[PDB]
Structure formats: C-alpha cells, structure tokens
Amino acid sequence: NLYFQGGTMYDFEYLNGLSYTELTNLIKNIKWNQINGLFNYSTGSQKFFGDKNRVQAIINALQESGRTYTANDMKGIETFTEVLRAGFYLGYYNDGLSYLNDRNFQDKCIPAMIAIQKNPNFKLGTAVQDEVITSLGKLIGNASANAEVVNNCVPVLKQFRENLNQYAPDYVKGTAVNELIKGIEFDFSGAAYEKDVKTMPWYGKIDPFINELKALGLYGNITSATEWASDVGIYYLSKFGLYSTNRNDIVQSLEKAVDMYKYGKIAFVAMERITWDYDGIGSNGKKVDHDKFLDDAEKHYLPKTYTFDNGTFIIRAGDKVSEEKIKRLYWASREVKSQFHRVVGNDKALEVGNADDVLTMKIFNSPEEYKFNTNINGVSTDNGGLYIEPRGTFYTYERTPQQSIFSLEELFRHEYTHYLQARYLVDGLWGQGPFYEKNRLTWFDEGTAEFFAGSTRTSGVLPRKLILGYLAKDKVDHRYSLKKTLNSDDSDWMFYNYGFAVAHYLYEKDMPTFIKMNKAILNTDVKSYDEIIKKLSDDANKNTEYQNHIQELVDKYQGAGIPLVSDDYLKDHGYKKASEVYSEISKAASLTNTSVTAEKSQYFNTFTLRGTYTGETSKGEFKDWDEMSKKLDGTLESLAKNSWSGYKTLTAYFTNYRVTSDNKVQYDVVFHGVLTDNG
C-alpha cells in the first residue's frame, strides 16, 4: 500500500490505501486510462477487486451519479463503469476473483442501472447523454440485466426510431443505441447458453422491447445512411424474439422483412435469422426453402443469359451490362487463349470431365450489386473479381472508370488466364498439388496473368500501359532483384508488378528459359523447375539483364497502351461460303490433314480449323518457335488484306512442337474465327 501519487498517473497500490469515500470521489474525476494496469491481473488489482466492500462502494457511487447526472456533467459515470467492467473481466479470467463471475453478484449493478434509467436525462441528445447510454450498454454486456432494465430502454429506441434519418447516420448517436442492444443481447444469450430459454426471469416479459425492435426492423423507408439500423432491428428481433410466447408472430415479422426489402441486405439477414434462429420453419409451420430464395435472388441480379461455343462458355449478367461488352469479352477470351497455347504448347485439357469443361461468368451490374454474391454464392467479394476453378466460374461486375482502374475486359483478360493455367497447364487442383507444397509459383501465377492479359490478335503479347506505369517508381532498391522476385511471407504490392517484369523479361529476352519452365510445370517436374529458378537466382548475369529490362519497360511507358479487342469483331461481316474460308486459310498457312468444327453462339457462329504444319529444316526449338510466331502472325495479317471482313476475327496458335525423322519443323496449328455460312 502507498499514500502518494506523482504525475496524474495512479497505481493500484495507492488506490488500495485510500478510504472508500476518497476513492470513489477520485474515480469521479479521472479518466479510466489514468489507472495503471487497470485491466492487468496484479497482486495490486487482485487486492483491489478482491475487496467485496470496495467494489460495492464503487457500485453505490455509480448509483449516486446515475441519480444526479446532467446534460453538461456526466459525474464520472464513464469511469465508474470502466472500473466495474475491469472487475468482471478479471473475475472471468482469474480464479480468486471468481465471485465476480457469479451472476448473483453481477445483479448488484442493477440498482445503479435503474438509477441511470430513471434520470430525466436518460435520453439521446448531447455528448454526455449519449456517452452515458454507450457506457450503460457496455456494462450490461459484462454484468447483468433485468426484464425491468431492458424495457426501460424502450423510450430510447422510440426516440431513435422517430429520428432515424438524423440519428442513424450520426456515429455517436448510432453507436449508443447499437452498444445498448448488443450489450443486453450478450448478457441474455450468455445466461441461457445451454439452459432452457423458457426458464428465464425475463422470458415473455420483454414484449415492449421486442415490439420496439419490430418497428425498427420493419421501418421500410431505408436509405444507404439508415439501413444499418433496420438491419440491427431485424437481427436483434430474431435474438430477443426467443423470449416471446408467440414464436409464429416473431417469424411473421421476419418474413415481412424479406418481402419488404427483397434481394437487399436486410432480406438476406432476415432469411438467415429464420433458418438459424428459428429452425428454418415459417409462420405456417413448413420448412422455408432457403435454397430457392438464393436462386430467386441470383435471377433478380443476373437475369440475362448469353451462350457461346455450344454452351461451353456462358455469361449470366445483370440487365444493365452492355451486349457489346458481352461480345467483346468473348473475343478477348479468344485472343488470350491463342497467345497462351503458343507459349505453353498444349491445348488438350489435362483432366477429363472437370467443371471448367463449361466456363461460366456471372457479371453483376455494379460493385454495389456485386456484394450479394457472397450471400448468394458463398464467395468473397472483397475483390474486383474471382475465378473459382472447382466451379469453372468467374464472378465479377460491370464497373465505371471511377469505380476501378481496370475496365471489365482487362480484369477478365487477367482472370481468364487463371482459367487457362488451371485447365491446360497445372495438373490436378489449382493451388493444391506438388507444385504448391513449397511456394514456387506465386510470382509466376500472378506474373503470367498480368502478362497474358496483354495478348493481341496479330502482335503476340504486349505490355499493358498501367503496369508499365507502376514500374515508374523508386529505382534505388524498392526495385526487386531477379532472386528476390523468384523467391517470395509478406511482400509489398509491387511484388506482382515485378513478377510480371520477370515473365515479360523471359518472353522477350530469354524464350528458351520460358519454354523450359512451362514444360516443367506442364510435365509436373518440380525438380526441373526448381533447378531453373536456382540458375536464374544464382546467376548475377541474368539479374543485370533483368535490371536493364525493367528500365526498358519503364521507357516503353510513354507510348504504350492497353491491348483491347478491336471494333472489327463487332462488324457485320456478311456471308462467305464456309469451304472457301477453309481452303483460303489452309493454303495461306500451308496446313495439312486439316479438319474443322463449327460452333453455335448467341450472336454468331464460329469455326475451329485444325491442321498439321511441317516446314523446312529445324533451326533449333527456340528459333523455330520465334519464326513460327512470325510466319503465323504474318498469315493472319495477310488474310485480313482480303475483302471479307470476317478474317479480322481470326486467331491462331500452334502446339506440340516436334521435329521429323528428317529434322523438318512440325507443329499442330489452330485457327478460330466467325462463321457466316449456315449449311
């Protein structure tokens, strides 16, 4: 025990020495944080809260300041309450203060609570009055409540309701009511943990309170600013509704919430409350179909369906997403796909009968509307969009330039690449096999995505201006070495931008290593991949190359752009007899043993042409790849010189590089374009 302070910071050793009179008066005019280690379990605090007479003194003093507080003076009610909250907290966690855990002791706070409630100043209004309510709600949270106490909250709820449009948007006002409700609910739920809810002092005695929550929940005229309040109303209507004699009446109000706000946030909550709090049984006594409700909700937000490639590529979209966009996205998928197969060298899906056999894209009208996707489909919506491979489904939304740096096409070009990685490159589950036991592909998965997003029809892969722009930052470190980028647990957001630079670097400056790397992933050769990463990491030379290549990108930024699909794709091409197109493409590409498939879409038809290409004597694999790129891009360009508009829709790739017994270069070649001949 001590009998001196120093510095307006107070120790328990010192507080323990004071008479109760002196103590309670001190607490009235100090902030709670001024008490040192207040929430800490000490011999000091043990001694302080261990005295049943002292805490009772603290309770009595709070009861007195509850009787006397005014709009201008709070009479330390905040401090009194924080001190008590500390009592109960330590009593919960530490034996020796366990008498503080007993609900029977906690009830000793009720007379103080009532005192606060009977004060004519127990109303929302000024900062003091509001803080008093906030403090009360938190104390109930740690202590106890009566049916009597709860019902005294009724005027405050009415006052809030009657002033919803002013009060709910106010942080302090809104926090007060929320703290009060949440506080009471926490105490009540705690007391009934595994006990029969029917045997509670307050059960059936809180009808006025419940009725006050119905009114909030079923307010109707919500805005963005006031929605949370009615949300609280519904959520806590369900919670307190448990202490009503009429179950079916409570569920009726919840079902009304669903009808009143539909496919908005509060209907989802109300619906959750029925299944979780009320056994998913309605007011009529029959099982509410939660699954149908979610299906109804998805149909409301995603009413439009667009089908491509014989139903293997489906877009479900909001009513406001442009049809032009839909088409552009399809053609964008085609551009990225052709570049991807070129580099990777495989177009045959790795597994049979996976969900990605059909690609599905769900595009909400807006970021606002997008949020209900987590509700509807159980996925995070804290993103610009998301590909879920086990579902073969991409979720995103249409967006304005102000809403996102990325347009919808760009984001799709990026995410689409993950669909390609998972289907055609990485065997088994994406993110969950041998290649993921160690953290080997983080740079690669994200880097190749940014990279392939820049695919074009006839120019290969180009850097996107936006990523080039990012690279324009601090040269002096901050810039990653080759070794750092390849070997990421946290890193700053720039990590992905350097991953891109590596991918681009390898593509432009070192195709041989790019191909070797992809073949390793493709063949599931974890050892070859690790060896390649090792050589690159250990070789200071490749790093210097990479460092200057970063500079080269930074320089290219001035005149760069975003590779996006051409308006040419949307043009009315008109008729062209199918057989002429095939012959024309076969001659110009020198294809052999060709075959074709025609596919039906929502707005057009398409064909896929497959042929063998065999050229002259091989100049090595990587030189072969380079020339094949140039020879093929050249064919696509010259074909566009023809009068038929449809050649401008063509995309092409090659796969399965090999050499003949006579060292002649040999590839599988694929062309894709619009088809305008029915027969």
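Residue numbers run from 1 along the displayed sequence.
Enquirer: Could you bin the unmodelled part of the deposited chain lying between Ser488 and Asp489 as none, 1 to 3, 4 to 9, or 10 or more?
Expert: Per the record, 1 to 3 deposited residues are absent between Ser488 and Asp489.
Enquirer: Per the record, averaged over C-alpha atoms, which has the higher B-factor: 102-110 or 413-421?
Expert: Per the deposited B-factors, the answer is 102-110.
Enquirer: On mean C-alpha B-factor from the PDB entry, just flag whether 336-344 or 122-130 is the higher one.
Expert: Between 122-130 and 336-344, it is 122-130 that shows the higher mean C-alpha B-factor.
Enquirer: Considering only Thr597, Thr374, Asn163, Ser135, which residue's Cα atom bears the greatest B-factor as recorded?
Expert: Among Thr597, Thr374, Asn163, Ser135, the highest C-alpha B-factor in the entry belongs to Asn163.
Enquirer: Looking at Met361, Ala560, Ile184, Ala297, which has the biggest Cα B factor in the entry?
Expert: The record points to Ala560.
Enquirer: Sorting by Cα B-factor within the chain, modelled residues only, which third would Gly190 end up in: lowest, middle or highest?
Expert: For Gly190, the deposited C-alpha B-factor lands in the highest third.
Enquirer: Could you tell me which third, lowest, middle or highest, the C-alpha B-factor of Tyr653 occupies within its chain?
Expert: Its C-alpha B-factor belongs to the lowest third of this chain's values.
Enquirer: Classify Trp32 as lowest, middle or highest third according to the C-alpha B-factor given in the PDB entry, relative to its own chain.
Expert: Highest third - that is where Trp32 ends up once the chain's C-alpha B-factors are sorted.
Enquirer: Taking the values exactly as deposited, rank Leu62 by C-alpha B-factor within its chain and report the matching third: lowest, middle or highest.
Expert: As the PDB entry reports it, the C-alpha B-factor of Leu62 lands in the middle third of its chain.
Enquirer: Is the Cα B-factor recorded for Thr612 in the lowest, middle or highest third of its chain?
Expert: Its C-alpha B-factor, which the entry lists for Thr612, ranks in the lowest third among residues of this chain.
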